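Trainee: These protein sequences, in sequence, are chains D and F.
In terms of PDB author numbering, the first sequence opens at residue 171 and continues consecutively.
In terms of PDB author numbering, the second sequence opens at residue 94 and continues consecutively.
This structure is in structure tokens; I'll ask about it shortly.
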Amino acid sequence: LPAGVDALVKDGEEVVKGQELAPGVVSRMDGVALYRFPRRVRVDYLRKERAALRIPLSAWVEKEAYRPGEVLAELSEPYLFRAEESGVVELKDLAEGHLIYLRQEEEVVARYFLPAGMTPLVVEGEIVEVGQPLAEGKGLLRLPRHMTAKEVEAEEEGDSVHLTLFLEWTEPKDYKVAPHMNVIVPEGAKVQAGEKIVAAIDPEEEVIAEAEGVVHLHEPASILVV
Amino acid sequence: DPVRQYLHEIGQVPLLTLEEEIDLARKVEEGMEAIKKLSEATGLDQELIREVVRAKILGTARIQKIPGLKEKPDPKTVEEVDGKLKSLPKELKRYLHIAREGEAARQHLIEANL
């Protein structure tokens, strides 16, 4: 296998006669294969949070588990997400969804969740007040394609309903491993916090777990099947 | 013809890349030091379980069967050892397998640079 090309097959997966393990790779025998000298690993981390939010009841889709793209609310028109507190903001924007941290001085007063189509009305650090316009959803305003909403909350006041989620997203990052390095962890493993990933020539060139997540080996230098 | 024999016998295996080289040395030294830590386990010596690794790797009884009429006792000094660490928890066992793969690595290495 040539430098940089990946394997369309997962490590330790049964492959068949003539079957494609890569764009040009042909396996002429039936059996199990294995990665040999991988040149990359994608480590997709998970991140929790506890964040509240609000939107009219004529919107709210009324679901507990919002799957990665489970349709969110209804929203007769472009409702303004209105601030319930004052503090410097934080635009954490993640794929289609945005996140906003409200902190005065140092400590955070609270964090707000902004699904797809819900746009930031202020650049990060720009001061906001209570009742101050924060976001705008319209129409669809659905959940992000990489995230998951756990543990729905219920608070009902007038037209605009309040709700909170524990929603936890994924923050993936990969690493390009080197000839002087070697992988210490199995394919598809679940890493701890600061887990040993790849031991290198110098102990410093090594890789640890950024926070916590899953390791996926890719770009193998070659693959052998028995 | 025994000359050209070995001449084609050596080229039967590729030599190595820098990667493969460093990897070889890696599992080699890790294996040997695993044997060290294993020497601290059941109280075995440094070189003992090493040649025992050869006893269960390099083949069946064929290894110590005929090294002259005297080399070192197989059924006495080897056998019990082969069964003494089989009774041991996860740590000493992982160190065991590390030893095995390590010595094998030594071999492959040797052939290339041969």
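Ideal Cβ placement from N, Cα and C applies to all residues, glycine included.
Quick one: does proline 373 (chain D) have its CB under 8 Å from some CB of chain F?
Mentor: The residue given as residue 373 (chain D) occupies position 203 in the first sequence. Taking Cβ atoms only, chain F never reaches closer than 8 Å to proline 373 (chain D), which makes this a no.
Trainee: Whose Cβ in chain D lies nearer than 8 Å to the Cβ of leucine 111 (chain F)?
Mentor: One-based indexing of the second sequence puts residue 111 (chain F) at position 18. Near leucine 111 (chain F) (Cβ distances below 8 Å), the residues of chain D are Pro349.
Trainee: Quick one: Cα of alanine 222 (chain D) to Cα of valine 213 (chain D), how far?
Mentor: By 1-based counting over the first sequence, the position of residue 222 (chain D) is 52. By 1-based counting over the first sequence, the position of residue 213 (chain D) is 43. Computed Cα separation, rounded: 28 Å.
Trainee: Is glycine 201 (chain D) helix, strand or coil when you go by DSSP?
Mentor: For the purposes of this step, residue 201 (chain D) is taken as the residue at position 31 of the first sequence. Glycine 201 (chain D): strand per DSSP, three-state reduction.
Trainee: For the candidate residues D:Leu394, D:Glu376 and D:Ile367, whose alpha-carbon lies nearest to that of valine 384 (chain D)?
Mentor: Start at 1 with the first residue of the first sequence, and residue 384 (chain D) comes out as number 214. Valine 384 (chain D) has its Cα closest to that of D:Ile367, out of D:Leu394, D:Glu376 and D:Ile367.
Trainee: Let me see if you follow: with CB-CB separation under 8 Å, is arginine 119 (chain F) close to chain D or not?
Mentor: Within the second sequence, numbered from 1, the residue matching residue 119 (chain F) stands at position 26. Yes, because at least one Cβ of chain D sits closer than 8 Å to the Cβ of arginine 119 (chain F).
Trainee: Return the CA-CA distance between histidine 268 (chain D) and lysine 130 (chain F), expressed in angstroms with no decimal places.
Mentor: Residue mapping note: residue 268 (chain D) aligns to position 98 of the first sequence, counting from 1. Residue mapping note: residue 130 (chain F) aligns to position 37 of the second sequence, counting from 1. Taking the straight line from one Cα to the other gives about 52 Å.
Trainee: Give a yes or no on contact between the region 134-148 of chain F and the region 173-185 of chain F, applying the rule of three or more CB pairs nearer than 8 Å.
Mentor: Result yes; three or more Cβ-Cβ pairs closer than 8 Å.
Trainee: Touching or not, the region 102-118 of chain F and the region 183-192 of chain F, by the rule of three or more beta carbon pairs under 8 Å?
Mentor: Result no; under three Cβ-Cβ pairs closer than 8 Å.
Trainee: Kindly identify the DSSP beta-bridge partner or partners of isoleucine 378 (chain D).
Mentor: Numbered from its first residue, the first sequence carries residue 378 (chain D) at position 208. Per DSSP, D:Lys366.
Trainee: The beta strand (DSSP E) with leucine 250 (chain D) in it runs from where to where?
Mentor: Your numbering for residue 250 (chain D) matches position 80 in the first sequence. That run of the beta strand (DSSP E) goes 250-252.
Trainee: DSSP three-state label for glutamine 139 (chain F), please.
Mentor: Counting from 1 along the second sequence, the entry for residue 139 (chain F) is found at position 46. Coil at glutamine 139 (chain F), not helix or strand.
Trainee: Just verifying my parser: in three-state terms, what is the DSSP assignment at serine 132 (chain F)?
Mentor: By one-based count along the second sequence, residue 132 (chain F) stands at place 39. Note: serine 132 (chain F) maps to helix in three-state DSSP.
Trainee: State the CB to CB distance for the pair residue 164 (chain D) and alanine 253 (chain D), rounded to an integer number of angstroms; the pair is presumed to be in contact (CB under 8 Å).
Mentor: No answer is possible for residue 164 (chain D): the residues shown for chain D start at 171 and end at 396.
Trainee: If we cut at 8 Å on Cβ distances, does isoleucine 191 (chain F) have a partner in chain D?
Mentor: Numbered from 1 along the second sequence, position 98 holds the residue referred to as residue 191 (chain F). No, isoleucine 191 (chain F) does not count as interfacial toward chain D.
Trainee: Would you please verify whether the beta carbon of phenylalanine 207 (chain D) is less than 8 Å from any beta carbon of chain F?
Mentor: Start at 1 with the first residue of the first sequence, and residue 207 (chain D) comes out as number 37. So yes, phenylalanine 207 (chain D) belongs to the interface.
Trainee: Tell me where the alpha helix (DSSP H) around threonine 170 (chain F) begins and ends.
Mentor: As a working note, residue 170 (chain F) is residue 77 in the second sequence. It spans 167-170 - the alpha helix (DSSP H) in which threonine 170 (chain F) sits, taken as one unbroken run.
Trainee: Quick check on DSSP: helix, strand or coil for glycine 358 (chain D)?
Mentor: As a working mapping, residue 358 (chain D) is identified with position 188 in the first sequence. In the structure shown, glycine 358 (chain D) sits in coil (DSSP, three-state: anything other than H, G, I, E or B).
Trainee: Please list the residues of the region 145-160 of chain F that have a C-beta atom closer than 8 Å to any C-beta atom in chain D, keeping them in chain order.
Mentor: Cβ contacts with chain D: none found.
Trainee: From this set, D:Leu387, D:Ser197 and D:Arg315, which residue's C-alpha is nearest residue 143 (chain D)'s C-alpha?
Mentor: Any answer about residue 143 (chain D) is impossible in this case: the structure gives chain D only from 171 up to 396.
Trainee: Rounding to the nearest angstrom, what Cα-Cα distance links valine 259 (chain D) and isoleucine 297 (chain D) in this structure?
Mentor: For the purposes of this step, residue 259 (chain D) is identified with residue 89 of the first sequence, where counting begins at 1. For the purposes of this step, residue 297 (chain D) is identified with residue 127 of the first sequence, where counting begins at 1. The straight-line gap from Cα to Cα measures roughly 7 Å.
Trainee: How many angstroms separate the CA atom of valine 231 (chain D) from the CA atom of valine 241 (chain D)?
Mentor: Against the first sequence, residue 231 (chain D) aligns to sequence position 61. Against the first sequence, residue 241 (chain D) aligns to sequence position 71. Near 7 Å, if we compare the C-alpha coordinates of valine 241 (chain D) and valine 231 (chain D).
Trainee: When the Cα of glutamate 341 (chain D) is compared with those of D:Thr334, D:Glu219 and D:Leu204, which residue comes out closest?
Mentor: As a working note, residue 341 (chain D) is residue 171 in the first sequence. Among D:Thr334, D:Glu219 and D:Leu204, the Cα nearest to that of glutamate 341 (chain D) belongs to D:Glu219.
Trainee: How about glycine 309 (chain D) and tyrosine 249 (chain D): are their beta carbons less than 8 Å apart?
Mentor: Position 139 of the first sequence, counted from the start, is the residue given in the question as residue 309 (chain D). Position 79 of the first sequence, counted from the start, is the residue given in the question as residue 249 (chain D). Result no, Cβ atoms of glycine 309 (chain D) and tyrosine 249 (chain D) do not sit closer than 8 Å.
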